[PDB]
Amino acid sequence: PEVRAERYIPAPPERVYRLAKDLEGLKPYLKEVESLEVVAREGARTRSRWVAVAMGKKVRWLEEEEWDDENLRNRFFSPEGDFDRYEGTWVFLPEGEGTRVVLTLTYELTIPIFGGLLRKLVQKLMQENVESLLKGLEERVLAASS
């Protein structure tokens with residue numbers, strides 16, 4: 001299944017893009033994220049270790065992001081961790097002197113026994129998570145803007 005969040009940020013795309021790329025600087029404004037560490041940095045891609053909290057227990061994964069500096073987009077995919085699949089794109093679109101940020105996330109989480117019964121709740125949780133990742137980026141861009 002897939003989730004997508006969309007958010008307008010009052011700042012030029014290039015600036016919003018660059019602030020999202022500095023994940024470790026972004027991390028303090030992601031309230032649902034407990035730990036985010038960049039483990040590897042290479043050319044236009046990094047590797048990072050996420051620990052997030054949903055509903056009191058933690059979900060952990062490693063994430064590879066490929067950064068497209070030219071076109072202000074990124075692609076990410078988890079090769080290992082708690083998700084069978086965790087991937088998507090951040091894109092930063094011009095909307096005025098500002099940025100329409102679009103975050104798309106395809107995930108698959110296998111849950112013993114209850115995976116179909118709680119499919120919609122899981123969905124909503126993943127919706128809140130990406131909406132919050134974006135509201136947290138809003139708050140980064142404002143913080144770094146003073």
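Worth pointing out:
- Using alpha-carbon coordinates, inclination of helix 119-143 to the longest axis of the chain, degrees: 20
- For region 80-146 and region 1-72, distance of Cα centres in Å: 9
- Spacing of the modelled spin labels on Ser35 and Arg60, each 7 Å from Cα toward Cβ, amounts to 0.7 nm.
- One quarter of the surface of the convex hull around the alpha-carbon atoms of the chain equals 8.5 nm², the direction-averaged projected area.
- DSSP-loop GluC sites (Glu not before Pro) across region 32-79, with at most 12 other Cβ within 10 angstrom: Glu70
- GNM top mover of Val39, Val102, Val91 - the chain, alpha-carbon springs below 10 Å: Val39
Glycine also receives a Cβ, built like all others from the backbone with ideal geometry; neighbour counts cover every protein chain displayed. FYI, it's all coordinate maths here, none of it is from the lab.
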